[PDB]
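The chain that follows stands alone, in the form deposited in one PDB entry, written as structure tokens.
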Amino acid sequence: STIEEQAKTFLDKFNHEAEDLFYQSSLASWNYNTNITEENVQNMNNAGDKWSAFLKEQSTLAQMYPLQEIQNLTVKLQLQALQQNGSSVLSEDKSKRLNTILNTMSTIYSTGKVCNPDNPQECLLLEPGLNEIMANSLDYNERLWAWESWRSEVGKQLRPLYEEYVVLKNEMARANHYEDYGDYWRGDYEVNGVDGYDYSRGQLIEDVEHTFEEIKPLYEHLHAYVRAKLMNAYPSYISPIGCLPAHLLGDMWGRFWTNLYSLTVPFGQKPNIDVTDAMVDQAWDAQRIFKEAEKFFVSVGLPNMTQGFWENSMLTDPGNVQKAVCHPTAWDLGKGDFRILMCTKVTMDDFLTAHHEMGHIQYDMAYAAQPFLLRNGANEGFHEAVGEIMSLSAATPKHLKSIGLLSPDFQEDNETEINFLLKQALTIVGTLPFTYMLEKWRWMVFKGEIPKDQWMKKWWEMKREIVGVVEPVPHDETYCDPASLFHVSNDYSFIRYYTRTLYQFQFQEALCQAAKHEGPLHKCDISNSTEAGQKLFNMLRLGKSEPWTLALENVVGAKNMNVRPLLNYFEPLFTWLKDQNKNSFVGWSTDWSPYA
């Protein structure tokens, strides 16, 4: 009869009705991401519309219970989360048009193929066809072709769609009392009503920029070392003061420099820590990759993967029969259904990616006991970080010895630490400027600070300045090179991966301390440490019923994002790079370009 008791009863009906409607939407969305047909786009929009319409009518009803008369905190949190009036504040035509744009860009990304100028019937998809080139080719022209033809044939198709995509997303955000769609994304870190832990949406930009300044020294020395090692592989193409060519980094966009290890190994005569050759030699498959990652989470006390996980997940490319979205993603479909979608290859990069995506599923299964409105991450950074604090230990040579990917008589010396730390820096440190620059471009595009004609002008002006990467071919406004990346054409936020990197070392510092590890942080292996898994599980089970600032302090002792654990992890490599760069230039010129 009281307002609080009416709210508990109202939430009870919401939880039991949203459980099935959200699951039907997840099922229809899965049938499209694995099987891209026009029929599956229809059913995906149908189950999605019935979920958005259910949220709107329930959000409207939720606003009739005033929070000022709710003494219960968890009830106040659920109502507060439900009263946010969603992406259904657009008209019916604009909502169906916006979803059509999103559906069109997603199909173009995962099904768009480029054909070499020689053969008009032999074409290559981005996966596995251009990803194999950008990762294993050492020819300057072969990499220049795949990098440019992907951004000229497929990237130009996304340009008119993305322009309209920005307009409709801003209308949806401005109808939500947000200043732009970029401010809407920054709302995931927002915390209100908690004394001593409140975090504003604008505070994120300050903390991201302030923390980035403390990362530049480590990146600039890693940049100079890679540039020097790249000159020995591409002699007549790279300047010792110029930026790096975008098509010579490990992947299509330069997101990770992981594939540049074989060209930048400090001590190549030492046993190679890249286990890719060992995995193929021992005849590993995608089943073995995930079973080993499954075994790692169990060693720390976390549960096995569900029986439905092994039956419903898609762990390999289904072939040419059905077109699929091969980008590694994890799925919390609801009703205890957990799946992973990944076109896994037999490489170490996919071995650590399996630990990343399984970290999502492990996090999803943890807070499954929470109420429906609180089954989410503390913030987007926490979610993508869980799998990475496991990759820190799974990549160490100690753990690789136990699973049998390194020789049993492997040793830990002067030059295996630098080999390992260099590889870890290519993956972890390399993506920090790439992530910050990419999200700052979208933040300014959504805010209106970048007009449509300079989109590609300001895009590469920031690539040269912030990331130290230069374009091999000059691009005009017909190109949409941000949209050539998965997270941009599939409507995901990217700053989650910047906070992920800084969070994962704050967590690792606390888990290694619970495991009573003695020594440097990079030699810590939390394998078979239930004390470490328990300290992590106690935070995963809370969902987002507690603010991310308070949830972070309860584990690491800091209310905010911090860089000290990140630099402490790479300090042995940082002093080694400063000595290896005495005969090199630390920095880059924002004017040099490999073209005229």
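One rule holds for the numbers: they count along the sequence shown, beginning at 1. Whichever C-alpha set is largest while still superposing within 1.5 Å between the two forms counts as the rigid core.
The same protein has a further form, the form deposited in another entry, not shown here; the description that follows concerns it.
For the residues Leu260, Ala330, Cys243, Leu222, superposed on the rigid core between the shown form and the other one, a C-alpha shift of 2 angstroms or more shows up only at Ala330. Core-superposed comparison between the shown form and the other one: CA of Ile403 displaced by 2 Å or more. Once the rigid core is used as the reference frame, the Cα position of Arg339 differs between the shown form and the other one by 2 Å or more.
Fitting the two forms on the rigid core leaves the C-alpha of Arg288 displaced by at least 2 angstroms between the shown form and the other one.
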